[PDB]
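Reproduced below: coords.pdb, with PDB, N, CA and C atoms.
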ATOM      1  N   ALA A   1       9.762   7.415   0.099  1.00  0.00           N
ATOM      2  CA  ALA A   1       8.290   7.588  -0.042  1.00  0.00           C
ATOM      3  C   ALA A   1       7.643   6.238  -0.350  1.00  0.00           C
ATOM      4  N   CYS A   2       6.444   6.016   0.201  1.00  0.00           N
ATOM      5  CA  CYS A   2       5.713   4.761  -0.019  1.00  0.00           C
ATOM      6  C   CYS A   2       4.633   4.953  -1.064  1.00  0.00           C
ATOM      7  N   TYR A   3       4.475   3.942  -1.902  1.00  0.00           N
ATOM      8  CA  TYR A   3       3.472   3.971  -2.947  1.00  0.00           C
ATOM      9  C   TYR A   3       2.201   3.331  -2.437  1.00  0.00           C
ATOM     10  N   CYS A   4       1.289   3.069  -3.351  1.00  0.00           N
ATOM     11  CA  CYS A   4       0.013   2.464  -3.002  1.00  0.00           C
ATOM     12  C   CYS A   4       0.148   0.936  -2.956  1.00  0.00           C
ATOM     13  N   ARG A   5      -0.969   0.228  -2.755  1.00  0.00           N
ATOM     14  CA  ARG A   5      -0.932  -1.239  -2.675  1.00  0.00           C
ATOM     15  C   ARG A   5      -1.222  -1.829  -4.022  1.00  0.00           C
ATOM     16  N   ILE A   6      -0.209  -2.448  -4.584  1.00  0.00           N
ATOM     17  CA  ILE A   6      -0.340  -3.082  -5.869  1.00  0.00           C
ATOM     18  C   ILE A   6       0.354  -4.434  -5.808  1.00  0.00           C
ATOM     19  N   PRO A   7      -0.226  -5.454  -6.397  1.00  0.00           N
ATOM     20  CA  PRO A   7       0.372  -6.825  -6.413  1.00  0.00           C
ATOM     21  C   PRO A   7       1.870  -6.815  -6.769  1.00  0.00           C
ATOM     22  N   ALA A   8       2.677  -6.353  -5.822  1.00  0.00           N
ATOM     23  CA  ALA A   8       4.119  -6.260  -6.003  1.00  0.00           C
ATOM     24  C   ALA A   8       4.837  -6.588  -4.708  1.00  0.00           C
ATOM     25  N   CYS A   9       6.108  -6.214  -4.636  1.00  0.00           N
ATOM     26  CA  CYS A   9       6.915  -6.477  -3.450  1.00  0.00           C
ATOM     27  C   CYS A   9       6.287  -5.832  -2.219  1.00  0.00           C
ATOM     28  N   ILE A  10       5.157  -6.371  -1.789  1.00  0.00           N
ATOM     29  CA  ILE A  10       4.462  -5.846  -0.622  1.00  0.00           C
ATOM     30  C   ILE A  10       5.150  -6.310   0.656  1.00  0.00           C
ATOM     31  N   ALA A  11       5.916  -7.391   0.546  1.00  0.00           N
ATOM     32  CA  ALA A  11       6.623  -7.932   1.699  1.00  0.00           C
ATOM     33  C   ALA A  11       7.473  -6.855   2.362  1.00  0.00           C
ATOM     34  N   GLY A  12       8.392  -7.280   3.216  1.00  0.00           N
ATOM     35  CA  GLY A  12       9.261  -6.340   3.910  1.00  0.00           C
ATOM     36  C   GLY A  12       8.502  -5.617   5.019  1.00  0.00           C
ATOM     37  N   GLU A  13       7.440  -4.911   4.639  1.00  0.00           N
ATOM     38  CA  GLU A  13       6.627  -4.171   5.601  1.00  0.00           C
ATOM     39  C   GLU A  13       5.158  -4.221   5.210  1.00  0.00           C
ATOM     40  N   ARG A  14       4.285  -4.172   6.212  1.00  0.00           N
ATOM     41  CA  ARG A  14       2.846  -4.220   5.976  1.00  0.00           C
ATOM     42  C   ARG A  14       2.165  -3.052   6.667  1.00  0.00           C
ATOM     43  N   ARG A  15       1.559  -2.187   5.867  1.00  0.00           N
ATOM     44  CA  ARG A  15       0.869  -1.023   6.403  1.00  0.00           C
ATOM     45  C   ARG A  15      -0.497  -1.426   6.953  1.00  0.00           C
ATOM     46  N   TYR A  16      -0.850  -0.878   8.111  1.00  0.00           N
ATOM     47  CA  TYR A  16      -2.139  -1.182   8.733  1.00  0.00           C
ATOM     48  C   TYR A  16      -3.234  -0.283   8.169  1.00  0.00           C
ATOM     49  N   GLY A  17      -2.906   0.988   7.969  1.00  0.00           N
ATOM     50  CA  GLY A  17      -3.871   1.937   7.428  1.00  0.00           C
ATOM     51  C   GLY A  17      -4.138   1.643   5.957  1.00  0.00           C
ATOM     52  N   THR A  18      -5.311   2.054   5.474  1.00  0.00           N
ATOM     53  CA  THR A  18      -5.685   1.835   4.072  1.00  0.00           C
ATOM     54  C   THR A  18      -6.104   3.154   3.421  1.00  0.00           C
ATOM     55  N   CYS A  19      -5.734   3.330   2.148  1.00  0.00           N
ATOM     56  CA  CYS A  19      -6.067   4.553   1.408  1.00  0.00           C
ATOM     57  C   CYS A  19      -7.235   4.301   0.465  1.00  0.00           C
ATOM     58  N   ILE A  20      -8.330   5.025   0.664  1.00  0.00           N
ATOM     59  CA  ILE A  20      -9.498   4.832  -0.180  1.00  0.00           C
ATOM     60  C   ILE A  20      -9.432   5.760  -1.389  1.00  0.00           C
ATOM     61  N   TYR A  21      -8.951   5.226  -2.508  1.00  0.00           N
ATOM     62  CA  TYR A  21      -8.837   6.005  -3.737  1.00  0.00           C
ATOM     63  C   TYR A  21      -9.066   5.110  -4.948  1.00  0.00           C
ATOM     64  N   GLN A  22     -10.230   5.261  -5.564  1.00  0.00           N
ATOM     65  CA  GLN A  22     -10.578   4.465  -6.734  1.00  0.00           C
ATOM     66  C   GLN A  22     -10.660   2.987  -6.356  1.00  0.00           C
ATOM     67  N   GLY A  23     -10.706   2.713  -5.053  1.00  0.00           N
ATOM     68  CA  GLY A  23     -10.784   1.335  -4.580  1.00  0.00           C
ATOM     69  C   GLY A  23      -9.397   0.705  -4.503  1.00  0.00           C
ATOM     70  N   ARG A  24      -8.392   1.520  -4.173  1.00  0.00           N
ATOM     71  CA  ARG A  24      -7.013   1.034  -4.064  1.00  0.00           C
ATOM     72  C   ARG A  24      -6.383   1.497  -2.754  1.00  0.00           C
ATOM     73  N   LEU A  25      -5.959   0.528  -1.951  1.00  0.00           N
ATOM     74  CA  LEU A  25      -5.330   0.805  -0.661  1.00  0.00           C
ATOM     75  C   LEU A  25      -3.830   1.005  -0.834  1.00  0.00           C
ATOM     76  N   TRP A  26      -3.176   1.524   0.210  1.00  0.00           N
ATOM     77  CA  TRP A  26      -1.719   1.753   0.169  1.00  0.00           C
ATOM     78  C   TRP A  26      -0.991   0.850   1.152  1.00  0.00           C
ATOM     79  N   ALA A  27      -0.263  -0.109   0.617  1.00  0.00           N
ATOM     80  CA  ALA A  27       0.507  -1.009   1.456  1.00  0.00           C
ATOM     81  C   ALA A  27       1.921  -0.490   1.548  1.00  0.00           C
ATOM     82  N   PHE A  28       2.647  -0.915   2.564  1.00  0.00           N
ATOM     83  CA  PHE A  28       4.003  -0.441   2.724  1.00  0.00           C
ATOM     84  C   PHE A  28       4.897  -1.135   1.704  1.00  0.00           C
ATOM     85  N   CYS A  29       5.221  -0.406   0.638  1.00  0.00           N
ATOM     86  CA  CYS A  29       6.063  -0.930  -0.431  1.00  0.00           C
ATOM     87  C   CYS A  29       7.296  -0.039  -0.611  1.00  0.00           C
ATOM     88  N   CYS A  30       8.479  -0.637  -0.490  1.00  0.00           N
ATOM     89  CA  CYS A  30       9.732   0.109  -0.641  1.00  0.00           C
ATOM     90  C   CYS A  30      10.859  -0.826  -1.072  1.00  0.00           C
TER      91      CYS A  30
END
Mind turning the file's structure into C-alpha cells?
Amino acid sequence: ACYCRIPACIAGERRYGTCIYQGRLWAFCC
C-alpha cells in the first residue's frame, strides 16, 4: 500500500496523480 506525500523516501517511484486532502498530495512511497 502507498502512503501520502511527505518529505521522506519519495524516490524509487514518482506518482503523477495528486490527492487533495488537507492540502497534502500522495506520492509513490514504498
Legend entry - Spatial neighbours of segment 11-18 of chain A, max dist 5 Å, all atoms listed in the file, sep filter under 4 positions, as number ranges by chain: A: 25-28
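Computed from the coordinates, the atom CA of residue 22 of chain A to atom CA of residue 3 of chain A distance equals 14.6 Å.
Atom to atom, atom C of residue 21 of chain A and atom C of residue 6 of chain A stand 13.4 Å apart.
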Inset, instruction - Find the distance between atom C of residue 23 of chain A and atom N of residue 8 of chain A and write it in Å to one decimal. - result: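 Between atom C of residue 23 of chain A and atom N of residue 8 of chain A the gap is 14.0 Å.
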Would you compute an axis-aligned box for segment 22-27 of chain A, covering every atom listed for it in the file with 3 Å of margin on each side, and report centre and edge lengths in Å to one decimal as AutoDock Vina command-line options?
--center_x -4.4 --center_y 2.1 --center_z -2.6 --size_x 18.7 --size_y 12.3 --size_z 14.3
